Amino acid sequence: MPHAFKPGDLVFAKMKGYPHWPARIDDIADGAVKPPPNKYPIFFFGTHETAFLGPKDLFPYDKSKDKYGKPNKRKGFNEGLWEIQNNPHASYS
C-alpha cells in the first residue's frame, strides 16, 4: 500500500501541454524556496527544470514506466529517460 510522496520518489510528472515527463520529488535545500501547501518540488530530468505539482500530476515511476518510458520528440526528454533510469538521485545543479 502506497505512502504519501517523499523526496527521492521517481515519477512521471504531467504538465499541461507536455507529455508525462521523467521527474523526481526533490528535497527542499536549506534556504530554498518552499512549495505551496500540498505541492511538491518536482525536478524534471533532461530539462532539469523545477515546478511545484500536486499528486494528481504525479505518476509513480515503476508503475508507469511501461506506458510513459518511451522516447519522445521533446527537448531533454530522452536525456531525461537516461537520467531517471541510470542516475535519478544525482546532483544535476
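The term rigid core refers to the most C-alpha atoms you can superpose between the two forms while keeping them within 1.5 Å. Residue numbers here begin at 1 and follow the sequence given.
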> With the rigid core as the fit anchor, does 49-57 or 31-39 show bigger C-alpha shifts in 6 other deposited structures of this protein?
Replying inline: 31-39
> Taking the recorded C-alpha temperature factors, which stretch has the higher mean, 77-85 or 5-13?
Replying inline: 77-85
>> Using only C-alpha atoms and the B-factors in the entry, which stretch averages higher, 47-55 or 64-72?
In response: 64-72
> Sorting the chain's CA B-factors, does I42 end up in the lowest, middle or highest third?
Replying inline: lowest
